[PDB]
Every structure is written in C-alpha cells, then in structure tokens.
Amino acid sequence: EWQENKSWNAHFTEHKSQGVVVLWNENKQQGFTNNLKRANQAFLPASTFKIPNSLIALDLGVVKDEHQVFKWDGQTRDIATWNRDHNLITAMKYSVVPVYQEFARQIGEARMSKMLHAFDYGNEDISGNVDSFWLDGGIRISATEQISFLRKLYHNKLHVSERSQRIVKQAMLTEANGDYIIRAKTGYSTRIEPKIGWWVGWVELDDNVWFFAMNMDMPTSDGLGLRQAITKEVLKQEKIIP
C-alpha cells in the first residue's frame, strides 16, 4: 500500500527547490511519498553508499572494528575535517571520501560486485572506477530502494554478520533525545547531472520505526542543510516527531 501526498511539495517549493520524501511505517507496512514517480527514479547514491561500503569492509575484515584508526595520508584536501585521522565513526560523521575510497580498493571489484548483488542494492552495477563508482560510475538507487535496503539492515537480515550490521547502525547514529533516535546518512552528488542531496535512515520511537529516504535538487552547496530541515518538517507535519 502506497499513498501520494502532494501537499508535502510545499516544503520543497517554499525553498524554491524540488525533491521527494518517502516514508515507511514499519508497524503498519504502509508507505507515503509526495511524488511516486521521483520516488522510483534512480540516482547516484554518493555518500549514502558509505552504509553498504562500511558493512562490506567490516564483514571482510578490511576494517577490524569501529576503533581502528585510518591515518591521514598527508595530502591536504579542501575539506578541513578530512585532513586528520579517522575511525569508522568519525569517517561516516564527516563523510570522509578518501577513507572509503581505500576501503573499496582493498575490497576489490569482484567482492564488491558479489556483495551488492547479495544486498539487492540498487542496480547492483559497479561499472566505473573501483574507487569512485558511487560518485561518477554506473551505480544507481531510488529512494524506495534505499528504504528496502535500510529495512533489511534494521532487522539484521542482510547477508553479513550480525556484528557488522550492529556496528554500522552505531556509526549511523545522528541524533538522540528523550523523544526519538535518528540513524541516517547524508549524500551529496555533483559529478553527474542532476546534482542532488540525499538523506536516508530511520526514526526510532518507543513502539514503532519510521524509515525515510529523501533526495532533492542541489544546484549549490548552499542548500545542503535543507536535506535534514525539509525531512524533519515532513516528520513534524505527520506527527512522527514533536
């Protein structure tokens, strides 16, 4: 069951942007979106790929645990937070592309392809460079496909160990207070048109879970804060969060 609520479009047009929000009520097994078409259009996953990438690296032993330090390679990059040592927690918090590029090289093309098929992730296509295919290669995923993947992760049903899934869900922790917990990952795709931002994850309540996946047009980095801001406005309107 899916229902289209075009009133949410106001949240995008009021900021003179365009995008889609997809919600899934786990208890009721019901979905909601403002745009059924865009909910099924496939985009580059960009840094949302750090979820599956982290899982594969952990399950193959490329990453030992969430404390292992990945030393800065000494190359000054334009993102200040990238020019320092990281572990899995901080690498995902600051979307540290260079750390995950090295993960992918050590994973290798063959094992990466095999695992993405086992995850049923997007179009499962790693065509391109092994260290950048999620940024400018052939892989694609829709918002509805993100939710399908995240639901498997939440229930520990992906084809990796329970430990790997618990560690990645820890690394996804974004916000927690007395009312809800959010585990999620942002994305920012600029190398292939259209330029978009992602935010995918879920909201934990006392007695239910709401999965979400949003993407929106991102002509400039000036609107990146809208990924979370717009999503939370939808959540408040639907009385999922206060």
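All residue numbers are counted from 1 along the displayed sequence.
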{"item": "Between 80-88 and 118-126 (mean CA B-factor, as deposited), the higher", "value": "118-126"}
{"item": "Given 11-19 and 221-229, the range whose Cα B-factors average higher in the PDB entry", "value": "11-19"}
{"item": "Candidate residues 31, 45, 178, 52, the one whose C-alpha B factor the record puts highest", "value": "31"}
{"item": "Deposited CA B-factor, highest of 156, 95, 101, 164", "value": "164"}
{"item": "B-factor third for the C-alpha atom of residue 189 within its chain", "value": "lowest"}
{"item": "Third assignment of residue 171 from its chain's C-alpha B-factors", "value": "lowest"}
{"item": "Modelled-residue ranking by C-alpha temperature factor, third containing residue 62", "value": "middle"}
{"item": "Residue 213 - which third its CA temperature factor falls in, relative to the rest of the chain", "value": "middle"}
{"item": "CA B-factor placement of residue 148, once the chain's modelled residues are sorted into thirds", "value": "highest"}
